[PDB]
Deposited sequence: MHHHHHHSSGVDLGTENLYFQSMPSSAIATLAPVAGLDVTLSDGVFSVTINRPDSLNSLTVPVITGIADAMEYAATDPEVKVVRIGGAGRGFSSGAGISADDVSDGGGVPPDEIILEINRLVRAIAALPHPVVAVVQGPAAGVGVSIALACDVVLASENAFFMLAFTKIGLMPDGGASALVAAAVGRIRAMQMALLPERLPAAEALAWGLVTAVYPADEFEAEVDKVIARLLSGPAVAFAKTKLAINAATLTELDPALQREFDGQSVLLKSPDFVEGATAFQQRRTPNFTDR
């Protein structure tokens, strides 16, 4: 597997771990990073040494989203990345220690388990800069919290705090910020000692029932974002 700058990928004791490490950019994502994540997830599905996956961010925040600083390519890699999380025949754990915004939220909600810090908030930032949701957020969000709440995060984006995310059913768990790394470790270890084949078949089955709209949604997002990206309102969006 090829190494990628701003991204640490390690496999230890069946825990495939993928950490985005651009702590100066608040873990914003660039095409070659999105691409390495996609590659790693696709890789993880093929390696019989993998039992549990974990994706997270170093520093203060999980990810600020796609780097706001050819255009269709970013959308295609983001889509290829989400498909790969959703297909992966193991438990995927998103470790959300700080803020997650735009695509960061989508990546996390493509995952199977979402572990939040009291610190963390979530924001579907896209309309703030003249874009629409990406990475399947058109389905992934509503698949967890329902329609009205999805519509709300997307048209009236706001820093949704962890405690509220959990009460909406958007995250699996919230730990106090001083206990977070320890509680996350206990979750990974419980999963690591679980029935690997039953976990695989359970994750795939819930996803086949709850994500029948993922692919259609990725097709629309590609169609829609691709116009919005090459459009005037977004040039203004990125300026401010």
No C-alpha coords for deposited residues 1-30, 100-109, 281-292
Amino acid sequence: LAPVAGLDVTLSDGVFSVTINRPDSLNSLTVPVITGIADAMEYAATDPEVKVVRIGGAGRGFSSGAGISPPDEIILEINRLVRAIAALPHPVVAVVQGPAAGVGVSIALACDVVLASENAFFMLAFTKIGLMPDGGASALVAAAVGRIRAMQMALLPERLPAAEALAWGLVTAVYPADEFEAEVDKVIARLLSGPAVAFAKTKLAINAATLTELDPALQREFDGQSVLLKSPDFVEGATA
From here on, numbers count along this sequence of modelled residues.
Avg C-alpha B-factor, entry values, 117-125 vs 164-172, higher side is 117-125
When mean C-alpha B-factors in the record are compared for 35-43 and 195-203, the larger belongs to 35-43
On the chain's distribution of Cα B-factors, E181 falls within the third called highest
Among the modelled residues of its chain, the C-alpha B-factor of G14 falls in the third labelled highest
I20: CA temperature factor from the record, placed by chain third, in the highest
The third of the chain into which the C-alpha temperature factor of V52 falls is the middle
Tertile call for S63 (CA temperature factor, within chain, third-based) is the middle
